[PDB]
Amino acid sequence: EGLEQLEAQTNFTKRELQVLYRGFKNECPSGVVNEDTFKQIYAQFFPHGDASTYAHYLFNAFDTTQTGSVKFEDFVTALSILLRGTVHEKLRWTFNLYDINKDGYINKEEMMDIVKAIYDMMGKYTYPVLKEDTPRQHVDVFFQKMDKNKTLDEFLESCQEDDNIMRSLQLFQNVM
Amino acid sequence: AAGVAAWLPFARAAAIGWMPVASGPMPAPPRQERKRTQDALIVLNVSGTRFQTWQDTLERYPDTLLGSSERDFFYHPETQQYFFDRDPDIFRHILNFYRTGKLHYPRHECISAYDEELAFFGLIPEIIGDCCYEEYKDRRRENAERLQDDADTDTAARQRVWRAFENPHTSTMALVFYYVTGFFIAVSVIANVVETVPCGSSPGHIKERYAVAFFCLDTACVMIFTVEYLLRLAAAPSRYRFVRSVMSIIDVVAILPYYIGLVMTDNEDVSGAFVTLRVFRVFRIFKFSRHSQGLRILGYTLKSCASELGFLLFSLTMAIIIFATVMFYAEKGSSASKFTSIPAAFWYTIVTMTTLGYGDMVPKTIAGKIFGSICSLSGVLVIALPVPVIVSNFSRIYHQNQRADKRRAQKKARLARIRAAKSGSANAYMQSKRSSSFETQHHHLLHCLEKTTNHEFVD
Amino acid sequence: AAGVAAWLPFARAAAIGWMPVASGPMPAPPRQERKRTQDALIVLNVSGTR
């Protein structure tokens, strides 16, 4: 709307809201953004590798109700609750991001694809020369950080039990 | 309509027409406002100068972006105006449309820019007036075929040589096989023609030459051709669509006569089929299709102008019938009477269609000569009717061929430019690692990714 | 490049994806003059037309 959408469905000032809307319309004149736009903006931001599946998961998180193309209201609401929201909102967003399907548990293959999406970007021009093994140690470290049994509440508690990730949450909560 | 709101109060007066008949609760006007007109000439400054319009003029089509409070997203509060960041001349046409309810497309503008301006303002391309709609549609179709050609094909195992095979100017082996099979087609047709000459396969000297060695030359060549056909059976992306392709039909038609003659002479000596075999032996000429760059162009041109050639056929048949009947009926009384039948007059009418002229068959009566002359002129005009269309299509397709080659070169240059820009961004990041405001946060996100993957980036 | 420089905040949301998978000293943002786009529109004249 923009008339009453000052704080009801967003967490930004009028100036920030209007400039974000103008920029989005400049990049999306139709007013609706699709998956390919996410692909190409994510490739333009990081011009050092392949940026396909992580952008796909990001859009799927943004694609609420599986519409296939999110409008401005939900997009700006997500940006607001992730950049100027509460901690539980960020954890909910990360939960939905890491929950590709709709089960109550997060299994091995989900972490496999997530770590592949994280590690494929640097390509073949990195000093440590990453291989398929490093995702395996990373997933093992994450899983031993997770509960031993084959939990979203446990992941939440582990997130709030370590200050390194909490100080890695206000990195952008303050700026922009 | 919603764009004639200024006449809405007049319709109020129309109530007085049926007011004596009117009888009811009359829930009264719904809390009307601003009894006197307070129409504000709201200003809309688009990347420079400004355009003023009445509020009802902009709000008579609320279904679009400029209706409702959506426009206020681009409202500029500190300046009390609407600073849109769009093109300031297409907006002029949008304003004229809003005033009229009808949009005109000026001829001298890029369609991509016009259409993206239309999309930015939340319009539909289907509201163009028929005066401009036809021109906009022509421009749509030309840029549509342009963008279609922009992304037609891209060069992308045992099947891999197939791409080499069907693009022989890729590998040395494919090119040599292509050239040598063309040479084989040529040598086979030359073998046929030098078989037909009396010095080779006639009893020129019964006393003594008649070589039956030519009976081998075809067979080997035929077998050679088979393998590449079999090759296309092996590396076939489509098992049945390939056969459905006209090329494969021509290849199998050229291949068959040798084998069908083998079977026939194995079982029968059917009269009139051996000469048919010799006749069909020549379609290696059509098998030349791949080597002839322009034969595909010719075939596509003929396919495109199918209706025109059909109309030519119909018209020429009608003219032949009319003229042959006329000349046979007005010439049957002659002494020689070579016009012995309507089919007899068919040959004369068809040799006088094309200004050909043989003198073997000419009319001998006063009406005959004049009808023959009129026949010749009518045939000339009829046969000349479709040739401009045929040659126009041929030259057109030639032009799309060359322009598609140039466009492919342009796309290669553009991908080279894109990868050069990628390399520039990469080395800029690397030198920033070694040592504008935007690049600060760009490299900040890059370093955040480096931290989250603990993998340092090298040159 | 900066061709979509109006989409930097969204990219920050992308960073939110990868904190639990992160292992680093977190050198923090490199600071800036203002964390917004308060830079007002500039009027530029080209031969008497602004």
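Going from the start of the chain as shown, residues are counted 1 onward.
Per the header of the entry, the method used was electron microscopy, 4.5 Å.
Using the three backbone atoms N, Cα and C, a Cβ is placed for every residue, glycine included.
Looking up the ranges B:97-102, B:151-156, B:163-168, B:355-360 in Swiss-Prot, the one annotated as motif 'Selectivity filter' turns out to be B:355-360. Judged by membrane topology as recorded in Swiss-Prot, B:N267 shares a side of the membrane with B:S341. Residue ranges B:113-132, B:273-292 are listed, and Swiss-Prot annotates B:273-292 among them as transmembrane segment. Matching B:41-54, B:237-250, B:293-306 against Swiss-Prot, the residues noted as region 'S4-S5 linker' span B:293-306. Look at B:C132 (Zn(2+) binding site): DSSP puts it in a helix. Within 8 Å of the centroid defined by the CB atoms of B:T355, B:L356, B:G357, B:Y358, the record's K(+) site, lie the Cβ atoms of B:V351, B:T352, B:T354, excluding the listed residues themselves.
As a summary of secondary structure, the region 'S4-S5 linker' (B:293-306) carries 13 helix, 0 strand, 1 coil according to DSSP. Rounded to a whole number, the distance between the Cα atoms of B:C131 (Zn(2+) binding site) and B:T355 (K(+) binding site) is 46 Å. Highest local Cβ density among the recorded positions B:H104, B:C110, B:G357, B:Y358, B:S423 belongs to B:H104, counted as other Cβ atoms within 10 Å over all protein chains shown. Within its own chain, the intramembrane segment (B:355-362) is flanked in space by residues 338-339, 344, 347-348, 372, 376, 379-380, which lie at least six positions past its ends and keep a Cβ under 8 Å from the stretch. Using B:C131 (Zn(2+) binding site) as the reference Cα, a 10 A cut-off selects none from the recorded positions B:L356, B:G357, B:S423.
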